[PDB]
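Undergrad: What follows is work08.pdb, made up of PDB, C-alpha atoms (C1' of nucleotides):
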```pdb
MODEL        1
ATOM      1  CA  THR A   1     157.938 -57.150-102.899
ATOM      2  CA  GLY A   2     160.854 -56.312-105.216
ATOM      3  CA  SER A   3     162.882 -58.884-103.339
ATOM      4  CA  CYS A   4     161.185 -61.285-105.793
ATOM      5  CA  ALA A   5     159.927 -61.431-109.387
ATOM      6  CA  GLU A   6     156.526 -60.381-110.717
ATOM      7  CA  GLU A   7     155.385 -63.984-111.250
ATOM      8  CA  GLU A   8     155.606 -64.379-107.452
ATOM      9  CA  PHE A   9     153.186 -61.505-106.755
ATOM     10  CA  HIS A  10     149.879 -63.058-107.819
ATOM     11  CA  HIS A  11     146.804 -64.196-105.875
ATOM     12  CA  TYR A  12     145.762 -66.956-108.292
ATOM     13  CA  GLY A  13     143.445 -68.685-105.797
ATOM     14  CA  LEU A  14     141.236 -65.561-105.871
ATOM     15  CA  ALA A  15     142.092 -64.537-109.476
ATOM     16  CA  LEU A  16     143.542 -61.246-108.247
ATOM     17  CA  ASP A  17     147.109 -60.142-108.936
ATOM     18  CA  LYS A  18     147.797 -58.644-105.491
ATOM     19  CA  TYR A  19     145.999 -59.261-102.208
ATOM     20  CA  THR A  20     146.704 -58.490 -98.546
ATOM     21  CA  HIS A  21     144.604 -57.569 -95.549
ATOM     22  CA  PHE A  22     144.120 -54.085 -94.125
ATOM     23  CA  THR A  23     140.940 -54.676 -92.055
ATOM     24  CA  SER A  24     142.631 -55.710 -88.834
ATOM     25  CA  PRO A  25     145.436 -53.591 -87.330
ATOM     26  CA  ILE A  26     144.566 -54.898 -83.890
ATOM     27  CA  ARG A  27     144.647 -58.709 -83.996
ATOM     28  CA  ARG A  28     147.612 -59.108 -86.383
ATOM     29  CA  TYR A  29     150.967 -57.586 -87.213
ATOM     30  CA  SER A  30     151.332 -57.170 -90.987
ATOM     31  CA  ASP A  31     148.311 -54.872 -90.722
ATOM     32  CA  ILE A  32     150.078 -52.336 -88.507
ATOM     33  CA  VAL A  33     152.870 -52.385 -91.108
ATOM     34  CA  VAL A  34     150.220 -51.650 -93.749
ATOM     35  CA  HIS A  35     148.798 -48.904 -91.512
ATOM     36  CA  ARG A  36     152.159 -47.177 -91.098
ATOM     37  CA  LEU A  37     152.799 -47.434 -94.832
ATOM     38  CA  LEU A  38     149.388 -46.217 -96.040
ATOM     39  CA  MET A  39     149.533 -43.275 -93.631
ATOM     40  CA  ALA A  40     153.096 -42.543 -94.709
ATOM     41  CA  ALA A  41     151.769 -42.446 -98.269
ATOM     42  CA  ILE A  42     148.879 -40.100 -97.575
ATOM     43  CA  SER A  43     151.260 -37.911 -95.563
ATOM     44  CA  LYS A  44     154.101 -37.938 -98.112
ATOM     45  CA  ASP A  45     152.031 -37.080-101.185
ATOM     46  CA  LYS A  46     152.246 -33.442-100.157
ATOM     47  CA  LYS A  47     155.931 -33.012-101.177
ATOM     48  CA  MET A  48     157.475 -33.155 -97.710
ATOM     49  CA  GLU A  49     159.446 -35.858 -95.854
ATOM     50  CA  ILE A  50     158.454 -38.316 -93.122
ATOM     51  CA  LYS A  51     161.294 -38.165 -90.602
ATOM     52  CA  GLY A  52     161.924 -41.550 -89.010
ATOM     53  CA  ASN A  53     162.600 -44.621 -91.126
ATOM     54  CA  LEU A  54     160.111 -47.443 -91.732
ATOM     55  CA  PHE A  55     161.790 -50.785 -92.528
ATOM     56  CA  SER A  56     164.514 -52.539 -94.501
ATOM     57  CA  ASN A  57     164.790 -55.648 -96.670
ATOM     58  CA  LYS A  58     166.218 -58.084 -94.115
ATOM     59  CA  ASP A  59     163.956 -56.708 -91.383
ATOM     60  CA  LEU A  60     160.865 -57.252 -93.538
ATOM     61  CA  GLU A  61     161.848 -60.770 -94.556
ATOM     62  CA  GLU A  62     162.562 -61.874 -90.990
ATOM     63  CA  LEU A  63     159.249 -60.326 -89.908
ATOM     64  CA  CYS A  64     157.311 -62.144 -92.615
ATOM     65  CA  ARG A  65     158.948 -65.481 -91.802
ATOM     66  CA  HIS A  66     158.198 -64.889 -88.113
ATOM     67  CA  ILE A  67     154.565 -64.168 -88.989
ATOM     68  CA  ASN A  68     154.354 -67.301 -91.138
ATOM     69  CA  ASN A  69     155.616 -69.329 -88.172
ATOM     70  CA  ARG A  70     153.196 -67.707 -85.748
TER      71      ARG A  70
ATOM     72  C1'   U B   1     174.794 -76.638  55.315
ATOM     73  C1'   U B   2     176.607 -77.817  48.081
ATOM     74  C1'   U B   3     181.975 -73.243  46.244
ATOM     75  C1'   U B   4     185.734 -72.326  41.502
ATOM     76  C1'   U B   5     186.833 -72.732  36.128
ATOM     77  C1'   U B   6     186.596 -74.709  31.065
ATOM     78  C1'   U B   7     188.299 -68.617  23.796
ATOM     79  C1'   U B   8     185.286 -68.380  18.633
ATOM     80  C1'   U B   9     180.772 -68.023  12.969
ATOM     81  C1'   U B  10     188.087 -69.503   6.142
ATOM     82  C1'   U B  11     192.148 -65.718   4.945
ATOM     83  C1'   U B  12     192.188 -63.511  -0.447
ATOM     84  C1'   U B  13     190.884 -60.580  -5.096
ATOM     85  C1'   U B  14     192.458 -54.315  -9.114
ATOM     86  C1'   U B  15     192.273 -61.743 -15.128
ATOM     87  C1'   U B  16     194.800 -61.469 -21.445
ATOM     88  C1'   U B  17     192.292 -63.849 -25.742
ATOM     89  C1'   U B  18     193.077 -61.395 -33.061
ATOM     90  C1'   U B  19     186.262 -66.008 -36.022
ATOM     91  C1'   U B  20     181.772 -66.995 -39.934
ATOM     92  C1'   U B  21     176.273 -70.608 -44.327
ATOM     93  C1'   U B  22     177.506 -75.696 -45.703
ATOM     94  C1'   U B  23     180.354 -80.206 -44.617
ATOM     95  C1'   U B  24     180.314 -86.839 -47.571
ATOM     96  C1'   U B  25     178.002 -91.381 -53.233
ATOM     97  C1'   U B  26     174.076 -95.391 -55.701
ATOM     98  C1'   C B  27     174.167 -98.194 -62.108
ATOM     99  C1'   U B  28     172.379 -99.316 -67.272
ATOM    100  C1'   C B  29     167.024 -98.276 -68.699
ATOM    101  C1'   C B  30     162.007-101.418 -76.306
ATOM    102  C1'   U B  31     157.160 -94.633 -76.084
ATOM    103  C1'   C B  32     152.440-100.106 -80.656
ATOM    104  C1'   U B  33     150.175 -99.038 -86.304
ATOM    105  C1'   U B  34     145.162 -94.701 -92.247
ATOM    106  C1'   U B  35     149.224 -91.375 -94.139
ATOM    107  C1'   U B  36     151.725 -88.084 -97.260
ATOM    108  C1'   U B  37     152.483 -84.163 -93.152
ATOM    109  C1'   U B  38     147.046 -80.356 -93.711
ATOM    110  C1'   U B  39     147.641 -75.141 -95.281
ATOM    111  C1'   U B  40     143.752 -70.090-100.064
ATOM    112  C1'   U B  41     139.201 -68.057 -98.377
ATOM    113  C1'   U B  42     135.623 -64.980 -95.091
ATOM    114  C1'   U B  43     133.041 -63.575 -90.835
ATOM    115  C1'   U B  44     136.664 -62.118 -83.691
TER     116        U B  44
ENDMDL
END
```
As structure tokens - that is how I would like this structure written.
TA:
Amino acid sequence: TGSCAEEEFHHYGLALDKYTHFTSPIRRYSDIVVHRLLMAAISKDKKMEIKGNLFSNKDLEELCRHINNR
RNA sequence: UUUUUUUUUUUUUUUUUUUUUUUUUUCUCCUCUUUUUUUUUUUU
């Protein structure tokens, strides 16, 4: 995300401007990330706090390079 | 009518000890051919 510029956020091949998967938390790894984050969002938009951190910049970039490799 | 004598199975028992798997060679060695390397996408 905000580790890069807007121009690097698009999904030109499909004419979208943002595209990921969320339909497979089981056979992949970015999807469990997306699960944790979406559920953190539905649980945080109540004005409380989600104890226990989620990620950090370097962690996310090493995970995404690992997933590209795999 | 034929008496008397010529030994036998070596003696001994009431001595201390503080190590340790194995064990000892063999040299340098020409990998052949459409490629940059493909890549989104969706159904597990």
Undergrad: Report as a PDB file with C-alpha atoms (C1' of nucleotides), keeping the file's coordinate frame the set of chain B residues whose atoms approach chain A to within 12 Å, with distances computed over all atoms listed in the file.
TA:
```
ATOM      1  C1'   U B  39     147.641 -75.141 -95.281  1.00  0.00           C
ATOM      2  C1'   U B  40     143.752 -70.090-100.064  1.00  0.00           C
ATOM      3  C1'   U B  41     139.201 -68.057 -98.377  1.00  0.00           C
ATOM      4  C1'   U B  42     135.623 -64.980 -95.091  1.00  0.00           C
ATOM      5  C1'   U B  43     133.041 -63.575 -90.835  1.00  0.00           C
ATOM      6  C1'   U B  44     136.664 -62.118 -83.691  1.00  0.00           C
TER       7        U B  44
END
```
Undergrad: Using Å and a single decimal, report how far CA of residue 34 in chain A sits from CA of residue 1 in chain A.
TA: 13.2 Å
Undergrad: Taking all atoms listed in the file into account, name the residue in A:52, A:5, A:61, A:22 that is nearest to residue 38 in chain A.
TA: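 Using all atoms listed in the file, the shortest distance to residue 38 in chain A belongs to A:22.
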Undergrad: Would you translate the PyMOL selection byres ((chain A and resi 33) around 12) into the concrete set of residues it matches in this file, as a list in words?
TA: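 So the PyMOL selection byres ((chain A and resi 33) around 12) ends up selecting residues 20, 21, 22, 24, 25, 26, 28, 29, 30, 31, 32, 34, 35, 36, 37, 38, 39, 40, 54, 55, 59, 60, 63 and 64 of chain A.
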Undergrad: If we count only C-alpha atoms (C1' of nucleotides), what is near residue 3 in chain A at a cut-off of 12 Å, once residues fewer than 5 positions away on the same chain are taken out, given as JSON, numbers by chain?
TA: {"A": [8, 9, 56, 57, 58, 60, 61]}
Undergrad: Could you work out how far CA of residue 70 in chain A lies from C1' of residue 38 in chain B, giving the answer in Å with one decimal?
TA: 16.2 Å
Undergrad: Give me, please, the distance in Å between CA of residue 16 in chain A and CA of residue 67 in chain A, quoted to one decimal.
TA: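 Computing it gives 22.4 Å between the two atoms.
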Undergrad: Mind completing range 16-47 of chain A with N, CA and C atoms? Output as a compact mmCIF listing (two decimals), in the coordinates of the input, please?
TA:
```
# COMPACT_ATOMS: atom_id res chain seq x y z
N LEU A 16 142.96 -62.58 -108.29
CA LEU A 16 143.54 -61.25 -108.25
C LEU A 16 144.98 -61.30 -108.77
N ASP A 17 145.67 -60.17 -108.74
CA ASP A 17 147.11 -60.14 -108.94
C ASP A 17 147.86 -59.50 -107.78
N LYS A 18 147.17 -59.05 -106.74
CA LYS A 18 147.80 -58.64 -105.49
C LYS A 18 146.72 -58.60 -104.42
N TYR A 19 147.01 -59.18 -103.26
CA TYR A 19 146.00 -59.26 -102.21
C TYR A 19 146.66 -59.38 -100.84
N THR A 20 146.23 -58.52 -99.92
CA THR A 20 146.70 -58.49 -98.55
C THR A 20 145.49 -58.19 -97.68
N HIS A 21 145.66 -58.14 -96.37
CA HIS A 21 144.60 -57.57 -95.55
C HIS A 21 144.98 -56.16 -95.10
N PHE A 22 143.96 -55.35 -94.83
CA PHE A 22 144.12 -54.08 -94.12
C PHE A 22 143.03 -53.87 -93.08
N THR A 23 142.08 -54.80 -92.95
CA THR A 23 140.94 -54.68 -92.06
C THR A 23 141.20 -55.17 -90.64
N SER A 24 142.44 -55.25 -90.20
CA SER A 24 142.63 -55.71 -88.83
C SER A 24 143.98 -55.29 -88.29
N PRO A 25 144.14 -54.03 -87.86
CA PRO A 25 145.44 -53.59 -87.33
C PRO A 25 145.65 -54.05 -85.91
N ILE A 26 144.64 -54.68 -85.32
CA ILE A 26 144.57 -54.90 -83.89
C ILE A 26 144.96 -56.32 -83.53
N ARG A 27 144.45 -57.30 -84.29
CA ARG A 27 144.65 -58.71 -84.00
C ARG A 27 145.73 -59.35 -84.85
N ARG A 28 146.59 -58.56 -85.49
CA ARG A 28 147.61 -59.11 -86.38
C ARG A 28 148.81 -58.17 -86.37
N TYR A 29 149.79 -58.44 -87.24
CA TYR A 29 150.97 -57.59 -87.21
C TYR A 29 151.35 -57.00 -88.56
N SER A 30 151.18 -57.75 -89.66
CA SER A 30 151.33 -57.17 -90.99
C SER A 30 150.39 -56.00 -91.23
N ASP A 31 149.26 -55.96 -90.52
CA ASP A 31 148.31 -54.87 -90.72
C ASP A 31 148.76 -53.56 -90.09
N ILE A 32 149.53 -53.59 -89.01
CA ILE A 32 150.08 -52.34 -88.51
C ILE A 32 151.18 -51.82 -89.43
N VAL A 33 151.98 -52.73 -90.00
CA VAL A 33 152.87 -52.38 -91.11
C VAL A 33 152.10 -51.64 -92.19
N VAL A 34 151.01 -52.26 -92.68
CA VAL A 34 150.22 -51.65 -93.75
C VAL A 34 149.64 -50.31 -93.31
N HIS A 35 149.31 -50.17 -92.03
CA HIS A 35 148.80 -48.90 -91.51
C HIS A 35 149.86 -47.82 -91.60
N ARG A 36 151.03 -48.10 -91.02
CA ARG A 36 152.16 -47.18 -91.10
C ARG A 36 152.44 -46.78 -92.54
N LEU A 37 152.40 -47.75 -93.46
CA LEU A 37 152.80 -47.43 -94.83
C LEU A 37 151.73 -46.61 -95.54
N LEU A 38 150.45 -46.99 -95.41
CA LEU A 38 149.39 -46.22 -96.04
C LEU A 38 149.34 -44.79 -95.50
N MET A 39 149.55 -44.62 -94.19
CA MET A 39 149.53 -43.28 -93.63
C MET A 39 150.78 -42.50 -94.02
N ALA A 40 151.93 -43.17 -94.11
CA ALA A 40 153.10 -42.54 -94.71
C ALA A 40 152.83 -42.09 -96.14
N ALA A 41 152.00 -42.82 -96.88
CA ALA A 41 151.77 -42.45 -98.27
C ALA A 41 150.86 -41.23 -98.35
N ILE A 42 149.77 -41.25 -97.59
CA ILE A 42 148.88 -40.10 -97.58
C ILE A 42 149.57 -38.88 -96.98
N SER A 43 150.58 -39.07 -96.13
CA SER A 43 151.26 -37.91 -95.56
C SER A 43 152.42 -37.45 -96.43
N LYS A 44 152.96 -38.32 -97.29
CA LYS A 44 154.10 -37.94 -98.11
C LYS A 44 153.66 -37.32 -99.42
N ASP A 45 152.49 -37.69 -99.94
CA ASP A 45 152.03 -37.08 -101.18
C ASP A 45 151.47 -35.69 -100.88
N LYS A 46 152.38 -34.88 -100.32
CA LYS A 46 152.25 -33.44 -100.16
C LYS A 46 153.56 -32.74 -100.49
N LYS A 47 154.56 -33.49 -100.97
CA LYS A 47 155.93 -33.01 -101.18
C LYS A 47 156.55 -32.48 -99.88
```
